[PDB]
Amino acid sequence: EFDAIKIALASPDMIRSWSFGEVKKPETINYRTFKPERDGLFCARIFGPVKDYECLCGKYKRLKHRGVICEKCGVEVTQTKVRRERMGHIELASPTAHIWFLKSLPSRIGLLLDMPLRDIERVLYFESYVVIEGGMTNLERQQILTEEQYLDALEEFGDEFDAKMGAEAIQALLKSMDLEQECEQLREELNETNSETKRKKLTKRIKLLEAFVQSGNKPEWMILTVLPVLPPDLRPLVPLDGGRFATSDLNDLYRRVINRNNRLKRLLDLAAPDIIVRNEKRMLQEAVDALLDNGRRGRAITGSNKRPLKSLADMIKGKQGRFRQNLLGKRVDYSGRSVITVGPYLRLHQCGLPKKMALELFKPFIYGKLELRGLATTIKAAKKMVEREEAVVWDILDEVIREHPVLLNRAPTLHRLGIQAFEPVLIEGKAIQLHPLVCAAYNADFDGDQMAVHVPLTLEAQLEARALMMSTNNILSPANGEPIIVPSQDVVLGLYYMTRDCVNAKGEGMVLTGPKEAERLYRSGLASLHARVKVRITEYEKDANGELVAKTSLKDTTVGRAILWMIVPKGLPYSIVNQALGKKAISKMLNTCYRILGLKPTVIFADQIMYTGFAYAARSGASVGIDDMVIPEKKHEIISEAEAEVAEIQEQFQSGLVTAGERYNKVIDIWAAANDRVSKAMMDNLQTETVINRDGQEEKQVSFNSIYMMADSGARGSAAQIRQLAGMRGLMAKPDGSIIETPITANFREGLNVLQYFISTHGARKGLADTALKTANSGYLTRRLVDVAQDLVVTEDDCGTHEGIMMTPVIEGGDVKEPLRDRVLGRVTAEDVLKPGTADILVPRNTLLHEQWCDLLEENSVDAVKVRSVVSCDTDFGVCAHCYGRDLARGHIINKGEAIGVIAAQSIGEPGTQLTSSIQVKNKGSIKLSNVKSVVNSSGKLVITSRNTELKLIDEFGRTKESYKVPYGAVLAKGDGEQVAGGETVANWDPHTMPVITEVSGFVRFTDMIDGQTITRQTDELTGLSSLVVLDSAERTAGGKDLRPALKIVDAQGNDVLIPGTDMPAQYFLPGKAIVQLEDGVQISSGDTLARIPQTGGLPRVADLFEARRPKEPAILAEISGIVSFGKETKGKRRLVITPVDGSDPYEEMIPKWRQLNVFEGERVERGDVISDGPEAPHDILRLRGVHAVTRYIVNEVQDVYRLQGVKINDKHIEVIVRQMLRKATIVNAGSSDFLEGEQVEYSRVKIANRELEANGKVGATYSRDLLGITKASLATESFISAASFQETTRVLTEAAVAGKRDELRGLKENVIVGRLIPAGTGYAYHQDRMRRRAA
Amino acid sequence: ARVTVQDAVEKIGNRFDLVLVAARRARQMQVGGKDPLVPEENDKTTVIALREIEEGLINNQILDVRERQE
Amino acid sequence: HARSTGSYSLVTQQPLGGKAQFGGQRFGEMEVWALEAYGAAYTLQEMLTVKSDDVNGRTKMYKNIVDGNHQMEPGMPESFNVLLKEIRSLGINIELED
DNA sequence: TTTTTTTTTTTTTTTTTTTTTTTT
DNA sequence: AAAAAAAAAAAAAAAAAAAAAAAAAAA
Ligand SMILES: [Zn+2]
Ligand SMILES: [Zn+2]
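Chains as they are written, first to last, in the authors' numbering: chain J, 16 to 931, 948 to 1126, 1135 to 1375; chain K, 2 to 71; chain I, 1244 to 1341.
Quick look at the structure:
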């Protein structure tokens, strides 16, 4: 088969080659005999016959006349399907411009001639003339002229002057260019020019011209001369039942075009006046514009139905276009759908299948088996027998169904666990019975949510659905290493009720001879389900070298746990089933079984757990009545206290003691406190209230009140969803998001009056609307993410590299949010981890860190691990397997072939439907400081003179547990290495004020300070001290504006005090609005304060992060290390110049004046230091801080957003999306290579080019990495078909055509469209073979 | 009757050579040229091939060896 | 409702609308990622090659299944040819170089 | 008085899955 | 009786990307 797809412009000769006959008339079919109208969009001698092996004239109507052409009518006697391929060609009487190559915003013709698009559209409208090589006499080549100017020029010159208008003039301009000479001249201009905007324009036009020259295209081909016509079948004219014809809009546009062309040719023949022929030419231009791409130039022309008709463009692009409706996914045979039910008797790997639907699906299989068995003489007899539904067909169907998996698939398949293959089990009825547990994976609830079943047909597909997609194989999610078979909401309640203890139940305290005796006692009713007893249990352990050893002991348990123990497999220990067994305990029991035994034991264990949980929940009869919501006895007392408090606060407001805001805050505070008290009283009276006796007075126990059982167990409940039943339901928010002063003090057990219920509808409608729009935004985000990752396929075993990120546990500022184990588990390291006792290493360089290695690390208490990350993988066209790590739903290293890009995209996108002072030390440890500059203050304490100081709590074990960021100028109560106790405020600072603390001591002298010009006169009347306030630039006189107020500290002798350590005198050039309090001749110490200068969403934030959109406040960083200074200020901005001590000085930056600064004109700041302050732009982080910095920032941000809502996403996926995000690079130096100076080239191409150049003696080029948003990181792709599906299609296809690009069908998308095998899954090897046979 | 393929992936690595090898073996068994090795017990060619792979009497190497013998 | 050999469309050879028209289900853009995430290639290949689109392949597998042979002859989707023709209707020339 | 940068303004894309009196 | 295209339509948010026009700010 073919290997690559080429796309390029169409020359008129090529269009002639495609076609098979010109169309000369608008007719379609005769109304009396609906047969092709000659020379009409439906012909017979041009676009093939209408009937198989039959001519239109009917002279030859036999197969034996194959290939002949009937003399009467000239029809080639062939198949009718040839009508699907033959094309025509319409010869325009005038050239017509192609709208795609005219009105695409980077208009190809617009910048080809360097002519403004307005002046081109004016020409196409016959509104003005244009010189066409008129000679260097009086007018220029590209000069435009109006009617009067053209007439004056014609009077001036009759000859040696050529001017025209319209498509003819544009085509002449295109034909008259010299691409090579123009390219050389423009390259010279680019070399000489310096203007950056002019530079970019010249490089863009150079790139266009060079692309044209390299490709076989010619500029004149842009202008349309010969118009191809789609084959008739693709625009059908079928007669609807009853003599009515259904036709597409391509026909209307083509008819319009042919009619206009006929009128134009007739007018030219008749020699009509200039105005009429010009009008007809313009109208033909508009008609062809509508046919090519309707609704772009002018307003879309409608039909008789008053709607914008669909043209070829609308058929290509759009969600209804061929790409996204008939290529990337199509309706599928051997398929069906229905509603679902529970069907708990099923095993984990078989779903029900209605008899009727199953019969319809597997019909060809039934026919094959029947004609094999001989019961059907012919296929028609078999069809009739199946249709009548004979009794023999059922045995055949049950024979076929035996081993033939069917793929169940829900409608929103967000992630790969939304298509799973079960083994059908025939069921009477019309419901697709589905195993209950898998609902958790599907998020399928039996409220009428429908499901589709597909049937794998081929042998390979059957084995695929048997070995990859089976439900029993997906016992572990792709996003995180936790199971996805957690017993969900009813099985869990059954186990919880069945694994419990009652202080005194029937038959408590006897001794049993094992689980069998316990079950036997329970069934007869002699001993209650849960009564404390002693049982002899044998538990097995595999501590030996794969050999199980048993140990028998007389454990103390309940009869319920004794019954449960018969289901747990051999290996697990008894202590797992010796507790309350809620939802976390049971899920962790499943996880322990999976990790200790394997897969099959855990599958059978899950099935048994489900069966027994259902059975014993049934035996419980766990109900819920109106006596199971015990409203607290002290609720009314709390509400009375709250009302008294709010009344007192209102009275205080009447006295004016409290302002409106303060009283509002106090009232909300008291209401929150009262609500919390009520909830606590509720829980105390609900969870422990049950009291019984056992040979004594009384004793308390965990209560069996049904709602407490359904809340504590985690089975469809929570402490939050309760307290709206018994205790008051708190406060409700208004549409603005505010919190209403008066909460609603009635729960659901007591009913809500009119106003309180009406208040409690803002929340409900806000939630419903948020969900309704969140599903849409999440779908869009998932599509973009998976179309940015739709190339990542693991093709290598190891890239052989050392680079990697440094993974460390994350600390928000307080306690650790996530330890090192969760983030590091199942990844390949980058260097030999070594214990704090660095005399020996800890782990090898390239060992997959499984559980044992992580536990060893925890024992040795390591802080950071240099781990290889996908962002750093050195492979091209993929990533090394060792770079990715553990497979996440396989317990081993990733498998060479898994399409990590798609699974990572789906993992990130699925949760989208689940989204929208001082310091206090907690633990006892030693203070540590990182990147800190500090000096002793006037009072003997320590003051930080650095910006990026980080405090850490190094416990006695040497591991950080707490981290803090300190602003500039903070007083430390203690010092580094000083052990401190919990609750100690080691440091404190003022949230307001910006200090200018100094570094020297001595008398204060008024240096470069002038009243009025630099400062004003003001006195703090509160204390009577005169303060020296610096005026702003917009107020101070220009005379003193050049002068910056400063404070040079000197001694009593007049000598200038020099900065400690350094030699420069200490001068602090104060900025505007600085309030110096201390006056002249005032002695000050080091660090004395001179001026106390005064001062998102869940899903949208993730969308912005992956789009890499510059935030509202683009906090600018230190572009280069060096001392700061101010240059020539301008009106709108300040000139900040950063000059290194020994580097290049000239760089400067314009900063808006209103922006707040953080450098006092003398702080030497290294590269990357935040100059402004605010949210960072990821592009800045990538450009300055490197590659690891931006990936770290993105990972941290997205993980914060996700963990905020309690969703886990292993960081590999975000890293993969990041690797795809920053994949392009812009050349800085061309070097010995052959790359343009500023051209933006894919990273892999430049990388391999540089590597293979360095293999030679030539010097490689320098590249600056670039970061592009997901949408733009997708639209700029090597292949054009892959980028032609998910985005603007007109732009992509136009760019591909003009560039003459060439796609090679290498990704996960182009192969999908073309129908060939996939280079990711089972087809991987095949593709490799296809590569190996080639070039061999 | 079969449930899982864990032993199969343990025998043949990559869980993708498994699918292809089982597919080819089942294809030989299905078209009426060849005969099975493991005693058929009412299963289908796919599950029989997976039984052969799991028990360890066939893999890509053995399959190619039996092919080149013929 | 389920379909196995219902009548196909005319413009792009594919199954028809659901239920009353006897059509299949939509293996949509979101249901092809669900397979690519797996190691599923052959199943996807058939799901968008011979189950819906390729004009002769579905008939060939029909006869094979009736003949007891489980295989395919994938060919190329007819909708891809439709897209090629529709792109060629514009002024852009597209072909399949080998 | 010309030229480059930066800013503004207009325009172009995207926005979930399935189920009728009048000329030839 | 077979065919056939004008209109005066007018209308939407929200958000963001990208190209074109306009205004500083010089030397
Ligand atoms: Zn004829
Ligand atoms: Zn690598």
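Note that the Cβ used here is the ideal one computed from N, Cα and C, for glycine as well.
* Run down chain J in chain order and give the residues with a C-beta less than 8 Å from the C-beta of residue 1 (chain K). => In the structure as shown, chain K begins at 2 and stops at 71. Residue 1 (chain K) is therefore absent and cannot be evaluated.
- How about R425 (chain J) and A455 (chain J): are their beta carbons less than 8 Å apart? Position 410 of the first sequence, counted from the first residue, corresponds to residue 425 (chain J). Position 440 of the first sequence, counted from the first residue, corresponds to residue 455 (chain J). Cβ distance not < 8 Å, so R425 (chain J) and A455 (chain J) don't count as in contact.
**Item:** heavy atom of ligand 2 below 7 Å from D699 (chain J) C-beta
**Value:** Within the first sequence, the letter at position 684 stands for residue 699 (chain J). Outside the cutoff, so no.
### Task
List the DSSP bridge partners of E556 (chain J).
Looking up residue 556 (chain J) in the first sequence gives position 541. Answer by DSSP bridge pairing, in chain order: J:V564.
Query raised in the report: Is any heavy atom of ligand 2 found at a distance shorter than 7 Å from the C-beta of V882 (chain J)?
Result: Locating residue 882 (chain J) in the first sequence gives position 867, where the first residue counts as 1. No, the Cβ of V882 (chain J) stays beyond 7 Å of every heavy atom of ligand 2.
* Asked: Taking 7 Å as the cut-off, does the CB of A59 (chain J) come closer than this to any heavy atom belonging to ligand 1?
  -> As a position in the first sequence, residue 59 (chain J) is number 44, starting the count at 1. Yes, Cβ of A59 (chain J) sits closer than 7 Å to a heavy atom of ligand 1.
### Task
Measure the alpha-carbon distance for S949 (chain J) versus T1016 (chain J) and round it to whole angstroms.
Along the first sequence, read from residue 1 onward, the residue named residue 949 (chain J) stands at position 918. Along the first sequence, read from residue 1 onward, the residue named residue 1016 (chain J) stands at position 985. Straight across, the Cα-Cα distance linking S949 (chain J) with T1016 (chain J) is about 7 Å.
Less than 8 Å between the beta carbons of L472 (chain J) and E1289 (chain I), yes or no?
Position 457 of the first sequence holds residue 472 (chain J). Position 46 of the third sequence holds residue 1289 (chain I). It is a contact, given that the beta carbons lie within the stated cut-off.
- Does the region 1345-1357 of chain J come close enough to the region 1315-1324 of chain I that 3 or more CB-CB pairs lie under 8 Å? Contact check between the region 1315-1324 of chain I and the region 1345-1357 of chain J: three or more CB pairs, one atom from each, fall below 8 Å, which counts as touching.
inquiry  = In whole angstroms, give me the CA-to-CA distance for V550 (chain J) and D571 (chain J).
reply    = Within the first sequence, the letter at position 535 stands for residue 550 (chain J). Within the first sequence, the letter at position 556 stands for residue 571 (chain J). It is roughly 6 Å from the alpha-carbon of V550 (chain J) to the alpha-carbon of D571 (chain J).
In the DSSP assignment, find the unbroken alpha helix (DSSP H) run with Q504 (chain J) in it and report its ends.
-> As a first step, residue 504 (chain J) must be located in the first sequence, where it is residue number 489. Careful: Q504 (chain J) lies outside any alpha helix (DSSP H) and carries neither H nor E.
For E1254 (chain J), the residue or residues it bridges with in DSSP: Taking the first residue of the first sequence as 1, we reach residue 1254 (chain J) at position 1215. For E1254 (chain J), which the question treats as bridged, DSSP gives no partner whatsoever.
Query - Pocket of ligand 1 defined by Cβ to heavy atom distance under 5 Å - result: Screening all residues for a C-beta within a distance smaller than 5 Å of any heavy atom in ligand 1 leaves J:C70, J:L71, J:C72, J:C85, J:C88, J:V90, in chain order.
Got a sec: is the Cβ-Cβ distance from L478 (chain J) to anything in chain K below 8 Å? In the first sequence, counting from the first residue as 1, residue 478 (chain J) sits at position 463. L478 (chain J) counts as touching chain K.
From which residue to which residue does the beta strand (DSSP E) around residue 1128 (chain J) run? Gap note for chain J: numbering proceeds from 1126 to 1135 with nothing in between, so residue 1128 (chain J) has no coordinates.
**Request:** Please compile the residues from chain K whose C-beta is within a distance smaller than 8 Å of the C-beta of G1282 (chain I).
**Result:** As a first step, residue 1282 (chain I) must be located in the third sequence, where it is residue number 39. Within 8 Å of the CB of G1282 (chain I), the CB atoms of chain K belong to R16, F17, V20, in sequence order along the chain.
**OP:** Give a single yes or no on whether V886 (chain J) has its beta carbon closer than 7 Å to a heavy atom of ligand 2.
**Re:** Position 871 of the first sequence, counted from the start, is the residue given in the question as residue 886 (chain J). Within 7 Å of the C-beta of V886 (chain J) there is not a single heavy atom belonging to ligand 2.
Any heavy atom of ligand 2 closer than 7 Å to the CB of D812 (chain J)? By one-based count along the first sequence, residue 812 (chain J) stands at place 797. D812 (chain J) Cβ: outside cutoff for every heavy atom of ligand 2.
| query | Between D806 (chain J) and ligand 4, is the CB less than 7 Å from at least one heavy atom? | reply | You won't find ligand 4 in this model; what it holds is ligand 1 and ligand 2.
Next on the checklist: Please classify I653 (chain J) as buried or exposed, where buried requires at least 16 other C-beta atoms within 10 Å of its C-beta.
Outcome noted: Your numbering for residue 653 (chain J) matches position 638 in the first sequence. Of the other Cβ atoms in all chains shown, 16 or more fall within 10 Å of the Cβ of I653 (chain J); this residue is therefore buried.
- How about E1152 (chain J) and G1308 (chain J): do their beta carbons lie closer than 8 Å? To locate residue 1152 (chain J), count along the first sequence from 1; it is residue 1113. To locate residue 1308 (chain J), count along the first sequence from 1; it is residue 1269. No. Outside cutoff.
Residue of J:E1188, J:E1158, J:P647 minimising C-alpha distance to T1169 (chain J): Locating residue 1169 (chain J) in the first sequence gives position 1130, where the first residue counts as 1. Measuring from the Cα of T1169 (chain J), the nearest candidate turns out to be J:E1188.
task = Tell me where the beta strand (DSSP E) around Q1279 (chain J) begins and ends.
result = Numbered from its first residue, the first sequence carries residue 1279 (chain J) at position 1240. Boundaries of the beta strand (DSSP E) harbouring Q1279 (chain J): 1279-1281, taken from the DSSP string.
Tell me the DSSP secondary structure of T46 (chain K) in three-state form.
Stepping through the second sequence from its first residue, residue 46 (chain K) is reached at position 45. If DSSP states are grouped into helix, strand and coil, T46 (chain K) belongs with the helices.
Query raised in the report: What distance in whole Å lies between the Cβ atoms of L478 (chain J) and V20 (chain K), which are believed to be in contact at a cut-off of 8 Å?
Result: On the second sequence, residue 20 (chain K) is found 19 positions in, with the first residue counted as 1. On the first sequence, residue 478 (chain J) is found 463 positions in, with the first residue counted as 1. With a Cβ gap of about 5 Å, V20 (chain K) and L478 (chain J) count as contacting.
Please report the straight-line C-alpha distance between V347 (chain J) and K603 (chain J), rounded to a whole angstrom. Looking up residue 347 (chain J) in the first sequence gives position 332. Looking up residue 603 (chain J) in the first sequence gives position 588. The alpha-carbon atoms of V347 (chain J) and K603 (chain J) are separated by roughly 40 Å.
Point to revise | Assigned secondary structure, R764 (chain J) (DSSP; H/G/I helix, E/B strand, else coil) | key: Counted from its first residue, the first sequence places residue 764 (chain J) at position 749. Here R764 (chain J) sits in coil by DSSP.
_Going by beta-carbon coordinates alone, are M747 (chain J) and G778 (chain J) separated by less than 8 Å?_
Numbered from its first residue, the first sequence carries residue 747 (chain J) at position 732. Numbered from its first residue, the first sequence carries residue 778 (chain J) at position 763. Contact annotation: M747 (chain J) and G778 (chain J) have beta-carbon atoms nearer than 8 Å.
Indicate, with yes or no, if ligand 2 has a heavy atom lying under 7 Å from the CB of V809 (chain J).
-> Looking up residue 809 (chain J) in the first sequence gives position 794. Because no heavy atom of ligand 2 lies under 7 Å away, the Cβ of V809 (chain J) does not count as near it: no.
- Consider the C-beta atom of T844 (chain J) and the heavy atoms of ligand 2; say whether any pair is separated by less than 7 Å. The residue you call residue 844 (chain J) lines up with position 829 of the first sequence. Checking the Cβ of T844 (chain J) against ligand 2 gives no.
Nearest candidate by alpha-carbon position, reference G36 (chain J), set J:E42, J:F62, J:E1278: On the first sequence, position 21 is the one that residue 36 (chain J) refers to. When only C-alpha atoms are compared, the closest one is J:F62.
Quiz item: Touching or not, the region 833-844 of chain J and the region 1000-1007 of chain J, by the rule of three or more beta carbon pairs under 8 Å?
Solution: The answer is no - the region 1000-1007 of chain J does not touch the region 833-844 of chain J, with fewer than three Cβ pairs under 8 Å.
Taking DSSP as the reference, what is the three-state secondary structure of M525 (chain J)? As a first step, residue 525 (chain J) is located in the first sequence; it is residue number 510 there, counting from the start. It is coil, neither helix nor strand.
Exercise for the section: With DSSP collapsed to three states, give me the class of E479 (chain J). Expected result: By one-based count along the first sequence, residue 479 (chain J) stands at place 464. Look at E479 (chain J) here: in three-state DSSP terms it is helix.
Worksheet item: Are the beta-carbon atoms belonging to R339 (chain J) and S922 (chain J) less than 8 Å from one another?
Response: Sequence index remark: in the first sequence, residue 339 (chain J) carries index 324 (1-based). Sequence index remark: in the first sequence, residue 922 (chain J) carries index 907 (1-based). No, the Cβ-Cβ distance between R339 (chain J) and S922 (chain J) is not below 8 Å.
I273 (chain J) versus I105 (chain J) - alpha carbon distance
Taking the first residue of the first sequence as 1, we reach residue 273 (chain J) at position 258. Taking the first residue of the first sequence as 1, we reach residue 105 (chain J) at position 90. For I273 (chain J) and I105 (chain J), the distance between alpha carbons rounds to 8 Å.
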